[PDB]
């Protein structure tokens, strides 16, 4: 019961983006420009429906470079993945959590069954462990 690498995630629905800069509490390890993506099943859940099993959310994290009052996307640091399965991932609230170093399928990062990821996302119990909100 590993989380699947979310192949083709780059062509999913772009939910939102955020920049975390030096100084911010999450600078380590979430510093950079991040983009959130969702497959069709996650949109149902994001829209106010419930999350079908098979819903995947992706946090895509880039380093950035300062270029004359512009922040420009550099190298991918990692992707974080949440994969909905109420039964398979019941231990961390129905979502499996995984990280892939630099987005690579072979650089699995999570060593504790997702407990560490889950400890922070649990703050969002009432929105089903998802921080991002859909926007227009």
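C-alpha atoms forming the largest set that superposes within 1.5 Å between two forms make up the rigid core. Positions refer to the first chain, counted from 1.
Core superposition of the other structures onto this form places the C-alphas of 21-29 farther off in 4 other deposited structures of this protein than those of the other stretch among 21-29 and 124-132.
When the two stretches 84-92 and 26-34 are set side by side, the higher mean Cα temperature factor goes to 84-92. Relative to one another, 45-53 and 97-105 have unequal mean CA B-factors, and 45-53 is the one with the higher figure.
Sort the chain's modelled residues by C-alpha temperature factor and residue 123 lands in the highest third, per the entry.
Per the deposited record, the Cα B-factor of residue 11 falls in the middle third when ranked against the other modelled residues of its chain.
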